[PDB]
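Take a look at the structure set out below.
Here the Cβ positions follow ideal geometry from the backbone for every residue, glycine too, while neighbour counts run over all protein chains shown. No lab work stands behind these numbers, since they all come straight from the coordinates.
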Amino acid sequence: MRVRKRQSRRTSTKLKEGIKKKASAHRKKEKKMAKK
Amino acid sequence: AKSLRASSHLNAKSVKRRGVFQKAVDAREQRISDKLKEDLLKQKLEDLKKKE
Amino acid sequence: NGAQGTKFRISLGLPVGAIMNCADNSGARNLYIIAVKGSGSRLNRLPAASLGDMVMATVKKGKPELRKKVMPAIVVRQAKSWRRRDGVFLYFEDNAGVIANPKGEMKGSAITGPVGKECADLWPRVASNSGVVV
Amino acid sequence: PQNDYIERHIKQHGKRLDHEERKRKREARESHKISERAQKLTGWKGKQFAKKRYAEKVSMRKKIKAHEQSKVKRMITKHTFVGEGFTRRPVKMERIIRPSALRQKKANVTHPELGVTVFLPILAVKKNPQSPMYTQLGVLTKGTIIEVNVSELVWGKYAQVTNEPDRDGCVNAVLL
Amino acid sequence: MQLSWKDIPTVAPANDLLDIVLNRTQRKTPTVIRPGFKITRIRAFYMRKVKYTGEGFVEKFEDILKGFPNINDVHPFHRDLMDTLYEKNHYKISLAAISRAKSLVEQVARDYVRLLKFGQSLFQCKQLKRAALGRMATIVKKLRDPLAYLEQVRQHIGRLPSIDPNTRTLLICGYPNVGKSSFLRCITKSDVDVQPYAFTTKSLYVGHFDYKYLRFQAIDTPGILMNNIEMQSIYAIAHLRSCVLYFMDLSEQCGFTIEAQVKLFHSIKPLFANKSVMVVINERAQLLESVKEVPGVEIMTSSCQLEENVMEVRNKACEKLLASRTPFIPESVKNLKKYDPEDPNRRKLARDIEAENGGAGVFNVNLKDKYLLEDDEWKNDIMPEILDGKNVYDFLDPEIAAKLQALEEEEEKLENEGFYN
Amino acid sequence: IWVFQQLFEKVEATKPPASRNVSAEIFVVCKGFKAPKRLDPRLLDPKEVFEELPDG
RNA sequence: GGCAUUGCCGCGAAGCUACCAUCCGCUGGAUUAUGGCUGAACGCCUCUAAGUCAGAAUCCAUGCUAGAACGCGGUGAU
RNA sequence: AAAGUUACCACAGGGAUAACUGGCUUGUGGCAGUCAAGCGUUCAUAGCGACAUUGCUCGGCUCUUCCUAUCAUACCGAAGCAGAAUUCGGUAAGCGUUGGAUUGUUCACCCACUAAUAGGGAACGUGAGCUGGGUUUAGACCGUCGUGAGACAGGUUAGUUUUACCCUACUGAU
RNA sequence: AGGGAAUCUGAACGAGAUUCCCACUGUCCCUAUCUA
């Protein structure tokens, strides 16, 4: 068959570093939500 | 419409090809090879024209 | 609908926007083509009819009874050089067509002038209302 | 085609020779094919299958548990309300454009003490938090206290809004 | 429209209906937008989706409303027949709920598009779109009962018989399981059970037959003892331009007293008083003459085991319903036998020739061997038709040898004269 | 315009400004009405109205 | 015949050309959804787990086009 | 006597930034209640709580390539699927996806043909492959005359990527 | 010796404008060939 497009496993540097910022954002939320 | 490579039409045409459809070609081939065998003898007579 | 047996290719002489004469004694004298039923599809190509093809056509010069309604029309005279299987190329004097229902049954009682051989073969009831064939 | 053309055909000729073998083996295959679908079906079909299968589990929990229990026994882009004296009202609202699409007249109000929702027209916008401009514009952001018409009809005349009508469709309020 | 309704688009059970319309708006519309686009393209995206789902539900609802027959506008027989088979009020309640729901969905779509041209973020716009299609879903979830009813009515009206109230009809009546099932069994091709209990038949079975070159339809009935099955029979008697064939069992069979048939005949008498009744028998004999006291009645005695009197009942029924120089023939044709299709001993036609020779479109018919000649050795005709610029058929006549010799005389009359020097 | 001319007093065609200018419209007025007691029946019917003029 | 910014008109070969003309445009395996066989897991069952047959205009071949100018071969010529 | 107040606040001035895919986006709304797997620092009476459910309600001409979220063509499954016709669903991108009248703001649509006339991408694809209709003598700064209200054909200004007998893709040729 | 008929505009008009009717044409369907 016509073999469809494969997703990449190369994580671009913008993605990888943006992943770190989103992670640390989830921390700051979790520390605040722990107090209530 | 059924394609050129439609499986059922290829199988129906294979039902054809085991019948009359090949037998006529296998008679024509014998008539062609016969006249080919006839073409040796004429040239062999023209060999014997010079051999005379 | 209506056409008897297979239909083979003859040259196309009557596109959309062509005025042909009317041949039956129904009342109409001429016919204006608007669409051709059972035609091919290119980009920018107009639908072109030929002899013995049912077109959708309007009356332009005729009786008011035959007007007010767009109706099927089978072309009986072509005047463009088509080919027969018996050697010859032929053409007529003018473009003419006859009006009928979608079933292929004729409204008129007689068709004037020659009717094409191919058209009379394909449509049986046209050959029933024919005076002259070929 | 008369009335029961296949039921009479069953009651005279039967289903098939193998109709019971095909059915029984298929129902026995379905225990596998549920699991064969759950580990295949990539994409949206997997998400829809998971939601339907979770539903088919909670419903079964309800059947079994109920059986066990029965065993014992500048323009504004926010939604506003404008009073019926609109024709020449803005003395102090020089160029404060409020389009007619964003004007919702009937708030979908629920009653607290009796769990019935009465879809009634708004009479007056009273106290919008966040902005005292918005009180004078009639903006219906979350927390706004509004006046409710009780023409259709113990009742409380005021209701506090609970949704964000900029996001969803209607205005949803709870009486005080 | 007319007599029957099989051609109705199917009715989805309100949960699947949602799964059709909402999935189609996910597949047919574009689905991917960034938050980083212009606000105009974000607006137009979600507007296109709310509207498309709007048209989706409306298309499915319109198919139901136009599909089902407008009960009180069709025909008095059908208006009442559907009223007997289905709760007519509920049939109008259900279709009213669909007509209500379509206008609701239209209102929702027109609302949220108007509300959508003021969205400031992708989130707000998304919340408004989800609000719209979710609201439509809630409306369709409120339709789980009437659509479940509408599927069952669609299936059962799709299988209903087509009676024509304008063709020559004849009702077949009597007590349930008299033997009238055997009558329609032996008059036409319609499979009706003669099972030995009361209500075997549950609806109006129809049988067509032809007599005196005309289309007739005899309508079998379940019978009268009130029920939906029972009232179906009575309204068929009342509204059809017909004659009624009340059947009686003058025997131990049926399991009902003949006097109860007398009581029922004289009780139902008012509504078949206008229809010119025929009565067929399949102190005591005197109470058959009590039945004869009706203005328009006739009594006939018949047996269904024999095939002559069953036909004679039909003959009298149809008769009641109507009132309500020399040619040239060759002796080779006259002496010739008829063509019996199931005869082992006859001539083989060309149809059987082409089968024996194999195939329809593969066999070439020999035009030769079928035409008459002096010598059948020259049957395989060649016939040149053209020789050197001039066609043979124009030169072709009988006595061309004698005509040539006449031209040979015309040779020698110019040979000695001296034209060739 | 002819059957208008013989059934009314003054028949005036316009196509005023604030039309399309490309469309083949005419707004023709027919002020003054005869209101006859004897109306010609063959006149008003469309069968005789569009009876085409003979060839030259 | 010189000549006419090819003065103008009719026909018109060769050439070029038009579905405005004519001809020609395929057959084997592997599969998808699906339908199955034997059959475990699980002392029933079960198209699947080990196996296994069929099955789409799908795929890969056959066919159709170029030939690597740093791929190769065989053969003629002193 | 004039004074308190101002997020009712209208004009001139000073501050503070706005507008960065941190895998975006798609089909099922919101509000309140009814259940309610559990978790709450013990734990249902510190509270959160999914699926349901109940309440009313800038446009368009033309080509190349790609995507499938497929309208048709191919094969299937479900459907009161008698046959025909059809509805929903699965695999599926191999191949197809037409011709005319349309301009009070078209962000509409008409009337046929066709097997069907499917939806999108090529981030300002396709305005240096191009036109058909809109700003008002549309940028920025400064000045003059002006109560709440605006003008002056004042005055100063900026509006450079387009051609490359570059570069190389692509066709073909030595 | 290219038409014709209406209308909008300043009864014919004026190479005013628009619409329609009739005729004509490679503008097009659909390009093909020749010469400079």
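Among the listed residues F:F33, F:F50, which satisfies the condition of being away from every other protein chain (no Cβ under 14 Å) and of a type in the set (F, W, Y)? Walk me through it before giving the result.
Values: F:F50 fails: away from every other protein chain (no Cβ under 14 Å).
Checking each option against the conditions leaves just F:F33.
Restricted to helices (runs of 4 or more DSSP H) entirely inside chain B, those with at least 2 residues that are more than 20 Å from E:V362 (Cβ to Cβ) and either within 25 Å of the chain's Cα centre (by Cα) or within 16 Å of RNA strand I (Cβ to nearest atom) (or both) are B:25-51. Quick one: is F:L43 more than 16 Å from RNA strand G (Cβ to nearest atom), of a type in the set (A, V, I, L, M) and more than 14 Å from chain C (Cβ to nearest Cβ)? For F:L43, the condition - more than 16 Å from RNA strand G (Cβ to nearest atom), of a type in the set (A, V, I, L, M) and more than 14 Å from chain C (Cβ to nearest Cβ) - is met. Residues that are closer than 26 Å to D:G43 by Cα and within 8 Å of RNA strand H (Cβ to nearest atom) were ranked within region A:15-36; the one that is nearest to the chain's Cα centre (by Cα) is A:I19. Which residue is nearest to the chain's Cα centre (by Cα), if the candidates are limited to region C:45-83 and must be within 15 Å of RNA strand H (Cβ to nearest atom) and of a type in the set (S, T, Y)? In this case the residue turns out to be C:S50.
Here is a list: E:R351, E:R325. Which entry is loosely packed, with under 10 Cβ neighbours inside 10 Å and within 28 Å of C:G5 (Cβ to Cβ)?
Numbers: E:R325 fails: within 28 Å of C:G5 (Cβ to Cβ).
Criteria check complete, one pass: E:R351.
If the condition is being within 7 Å of RNA strand I (Cβ to nearest atom) and among the polar types (S, T, N, Q), then region C:42-63 contributes only C:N44. Residues of region C:59-109 that are of a type outside the set (A, V, I, L, M), touching an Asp or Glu at 6+ places or on another chain (Cβ under 7 Å) and closer than 19 Å to C:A48 by Cβ: C:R77 alone.
Suppose the filter is among the hydroxyl-bearing types (S, T, Y), exposed (fewer than 10 other Cβ atoms within 10 Å of the Cβ) and outside any loop (DSSP other than H, G, I, E, B); does D:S35 pass it?
Working: among the hydroxyl-bearing types (S, T, Y): yes; exposed (fewer than 10 other Cβ atoms within 10 Å of the Cβ): no; outside any loop (DSSP other than H, G, I, E, B): yes.
So D:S35 does not fit the description; no.
Given the criteria closer than 30 Å to D:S35 by Cα, within 14 Å of chain E (Cβ to nearest Cβ) and of a type in the set (A, V, I, L, M), does D:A101 qualify? No.
Select from region E:157-181 the residues that are among the hydroxyl-bearing types (S, T, Y), assigned to a loop (DSSP other than H, G, I, E, B) and within 14 Å of chain D (Cβ to nearest Cβ) and list them in ascending order.
Restricting attention to region E:157-181, the residues satisfying the condition of being among the hydroxyl-bearing types (S, T, Y) are E:162, E:167, E:169, E:175, E:181.
Imposing the further condition that a residue be assigned to a loop (DSSP other than H, G, I, E, B) reduces the set to E:162, E:167, E:175.
Correct list: E:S162 only.
Taking region D:27-76 as the range and being away from RNA strand G (no atom under 16 Å from the Cβ) and of a type in the set (G, A, S) as the test, the residues that pass are D:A50, D:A55, D:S59, D:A66, D:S70. Scanning region E:182-205 for residues that are within 14 Å of another protein chain (Cβ to nearest Cβ), touching a strand residue (DSSP E or B) at 6+ places or on another chain (Cβ under 8 Å) and farther than 9 Å from E:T221 by Cα turns up E:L184, E:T188, E:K189, E:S190, E:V192. Of the residues screened, D:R74 is one that is charged (D, E, K, R), touching a strand residue (DSSP E or B) at 6+ places or on another chain (Cβ under 9 Å) and away from RNA strand I (no atom under 16 Å from the Cβ). Of all residues assigned to region C:77-95, none qualifies as being part of a strand (DSSP E or B), of a type in the set (A, V, I, L, M), away from chain F (no Cβ under 14 Å) and away from RNA strand G (no atom under 16 Å from the Cβ). The residues in region E:118-156 that are away from every other protein chain (no Cβ under 11 Å), of a type in the set (D, E, K, R) and part of a helix (DSSP H, G or I) can be counted, and the count is 3.
Yes or no, residue by residue, for (1) part of a loop (DSSP other than H, G, I, E, B); (2) within 39 Å of the chain's Cα centre (by Cα):
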{"site": "E:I8", "(1), (2)": "yes, yes"}
{"site": "E:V11", "(1), (2)": "yes, yes"}
{"site": "E:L18", "(1), (2)": "no, yes"}
{"site": "E:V21", "(1), (2)": "no, yes"}
{"site": "E:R34", "(1), (2)": "yes, no"}
{"site": "E:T53", "(1), (2)": "no, yes"}
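Of all the residues in region E:105-152, those that are of a type in the set (G, A, S), more than 10 Å from RNA strand H (Cβ to nearest atom) and more than 15 Å from E:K60 (Cβ to Cβ) number 2.
For region E:234-273, how many residues meet the condition of being assigned to a helix (DSSP H, G or I), among the hydrophobic types (A, V, I, L, M, F, W, C) and surrounded by 13 or more Cβ atoms within 10 Å (Cβ to Cβ)?
The initial filter retains those residues of region E:234-273 that are assigned to a helix (DSSP H, G or I), namely E:234-239, E:253-255, E:258-268.
Right, trim to among the hydrophobic types (A, V, I, L, M, F, W, C) and you get E:234, E:236-238, E:254, E:258, E:260, E:262, E:264-265, E:268.
Right, trim to surrounded by 13 or more Cβ atoms within 10 Å (Cβ to Cβ) and you get E:234, E:236-238, E:254, E:258, E:262, E:264-265, E:268.
Residues flagged as assigned to a helix (DSSP H, G or I), among the hydrophobic types (A, V, I, L, M, F, W, C) and surrounded by 13 or more Cβ atoms within 10 Å (Cβ to Cβ) within region E:234-273 amount to 10.
When region E:274-292 is filtered for residues that are under 25 Å from E:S324 (Cβ atoms) and assigned to a loop (DSSP other than H, G, I, E, B), the ones remaining, listed by number, are E:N274, E:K275, E:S276, E:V277, E:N282. For the structure I just gave you, tell me whether C:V70 is more than 13 Å from RNA strand I (Cβ to nearest atom), hydrophobic (A, V, I, L, M, F, W, C) and more than 14 Å from chain F (Cβ to nearest Cβ). Taking the combined requirement at face value, the residue satisfies it.
Counting only helices (runs of 4 or more DSSP H) that sit completely within chain F, those holding 2 or more residues that are loosely packed, with under 10 Cβ neighbours inside 10 Å, more than 16 Å from RNA strand H (Cβ to nearest atom) and not hydrophobic (A, V, I, L, M, F, W, C) correspond to F:41-44. Restricting attention to region C:19-62, report how many residues are touching a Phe, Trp or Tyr at 6+ places or on another chain (Cβ under 8 Å) and part of a loop (DSSP other than H, G, I, E, B). So the answer is 5.
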